[PDB]
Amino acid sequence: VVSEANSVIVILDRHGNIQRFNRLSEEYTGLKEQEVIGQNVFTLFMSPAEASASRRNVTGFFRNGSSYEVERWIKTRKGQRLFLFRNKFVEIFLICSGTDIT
């Protein structure tokens, strides 16, 4: 293996259901891409408080959408971890470019 990635890259739809789930995201969660595509990212990987605020962002972003950055406490195999996500359209899908800033 010649190289690795430094960012958790998850692609979502307006409902928050996962479409792509890169390799670093699997290592953080123990769940492979095949398991989580079609699954809701909010209920899977964040608490109710974070899920609430995030789900409104994604829904609001798909209405009047401008690229933005967000800090979201994510729920991983080693407890919660804070990620900076750079979010933007590809318009059906939302690319989430995350960095563990814990």
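Start at 1 with the first residue shown and count on from there.
Where coordinates are absent for parts of the deposited sequence, a chain break appears; between neighbours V90 and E91 it spans 4 to 9 residues. In this entry, 78 to 86 has the higher mean Cα B-factor, the comparison being between 8 to 16 and 78 to 86. The mean C-alpha temperature factor is higher for 56 to 64 when 56 to 64 and 22 to 30 are set side by side. Among the modelled residues of its chain, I37 has a C-alpha B-factor that falls in the middle third according to the deposited record.
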